[PDB]
Amino acid sequence: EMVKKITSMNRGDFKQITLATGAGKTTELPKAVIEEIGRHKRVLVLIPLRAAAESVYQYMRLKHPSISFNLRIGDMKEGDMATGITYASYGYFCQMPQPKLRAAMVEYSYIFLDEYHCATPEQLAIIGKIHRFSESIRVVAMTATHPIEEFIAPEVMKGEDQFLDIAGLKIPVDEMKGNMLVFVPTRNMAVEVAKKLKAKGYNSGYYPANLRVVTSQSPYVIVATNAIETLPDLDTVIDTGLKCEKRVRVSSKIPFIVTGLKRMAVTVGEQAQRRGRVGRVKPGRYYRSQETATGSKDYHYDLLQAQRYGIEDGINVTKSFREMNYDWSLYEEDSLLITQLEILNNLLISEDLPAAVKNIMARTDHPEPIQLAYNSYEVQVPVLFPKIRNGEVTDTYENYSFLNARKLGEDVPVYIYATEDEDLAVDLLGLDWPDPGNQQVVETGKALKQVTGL
């Protein structure tokens, strides 16, 4: 039925498709579109995960031997002209330079965007990069967006006397005749307060081989992280409603960009994963905490990692994102931070990147190679900041391949981009970030003070 909606479209129109019925919104809708449009025509489907693109590819070449199917999760294909439907990852087209990306994308009758709501750096790069020639393409963006009892589990006050201590959540002792699953933010608590249940008397386990031995005996009470990737006869769910995910702080004073792991609330979909862990077998329970699960995923960190894919081509990934989201209306905007990340994206690409630094990004194991690109405007040698452990300065450092870095000492560098832990060392060692020495970063700073005021 939605086929004649999709087949109304000219080159230069976009549609958002909400419906996600059956085991394949991304399987059945393009099938129906290529039935109507013809097997002589190439159709593109873009899937976040590499494995999901392969899984859907295997299933569709099996259910449908009349229609041709193609997989693109690896290396580039030059002059690629496969005539059927193509299941590809976003990372695949993220290899492509802008002439090649254009040359690839105009060759399709339709381009289907699957699970745009994940907002991975490869996703935000692609969707922003294709909107640059939005006039030449037909773009369709689709998404997904037994009894369970609701109680907001109340927070435990310090020094307080039919309840048990579960990381500051009030859950009754009577619910320890069942089988319960604890969701926690810190990668540390799932070792510690999971040990505590065993130190209280409750049979417990953390986050494969250790899981199989733990799962068999009862009562079982497990503390776990975000691993949907079901469960042996799960009775009850407890949720702290929080997670540990990356944030980006922007300031007009050095360091301009600060990033790191932070305790933030989950989304509605990410909560539905926690709400939907029990129930299917028998009517189970749900105990969340007193924080609102957000409507959208806060993507601003991934948007920063996304800027890396615009450097070689000279594309402002953040500018390209802003305009795409004005036309297509895919995501929620924090106007101020988006506006702030843009001026930094003007700094990032204001100059040609030095050939040496352009090598280091490609071959290193640094989790944030973008940090090297931002700091190259002020620093010619990367700086090893002493690692922070349990909020305190250590003697340990990060050994990252190809960095050729200088250890901090007391010499504090002029950094445009820093980490919370790097910023904390400078607080705690009793030290100060110096002022900008390069005028282009001065210019960016003046601009960021201006855009916060309004």
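Residues numbered from 1 in each chain as written, not as in the entry; some residues may be left out. Heavy atoms only, no water.

Engineer: So what's going on with the packing of aromatic side chains? Which residues, and what values?
Structural biologist: With the rule as written, the count across this model stands at eleven aromatic pairs. Between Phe14 and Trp328 the ring centres are 5.0 Å apart and the planes differ by 5°, which places this aromatic pair in the stacked class. Overall, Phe14 belongs to the buried group, its relative accessible area being 15%. Ring geometry for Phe151 versus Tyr287: centroids 4.1 Å apart, planes at 5°, classification stacked. (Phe/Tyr/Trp six-rings, centres within 6.5 Å; stacked < 30°, edge-to-face > 60°. Buried < 20%, exposed > 50% of the residue type's maximum accessible area, 1.4 Å probe, protein only.)

Engineer: Residue-level account of the domain arrangement of the protein, with values.
Structural biologist: The domains assigned to the protein are domain 1 (1-145 + 297-333), domain 2 (146-296) and domain 3 (334-454). When each unit is reduced to the centre of its C-alpha atoms, the spacing between domain 1 and domain 2 is 34 Å. The interface of domain 1 with domain 2 comprises six residues on the first partner and ten residues on the second. For the pair domain 1 and domain 2, the two sides together bury roughly 760 Å², of which 63% comes from carbon and sulfur. Per-residue buried area on domain 1 facing domain 2 is highest for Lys297, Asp298 and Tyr301; these three make up 71% of the total on that side. Counting across the domain 1 and domain 2 interface gives one salt bridge. A salt bridge links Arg247 to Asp298, with the shortest nitrogen-to-oxygen separation between them at 2.9 Å. The interface formed by domain 1 and domain 2 includes two residue pairs in polar contact. Of the residues belonging to the side of domain 1 that touches domain 2, the class tally is two nonpolar, one polar and three charged. (Domains from an automatic or database assignment. Contact = heavy atoms within 4.5 Å. Buried area = accessible area lost by both parts, 1.4 Å probe. Salt bridge = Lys/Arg side-chain N within 4 Å of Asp/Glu carboxyl O. Polar contact = N/O pair within 3.5 Å; in protein donor to acceptor, adjacent residues only side chain to side chain. Nonpolar A, V, L, I, M, F, W, Y, C, P; charged D, E, K, R; others polar.)

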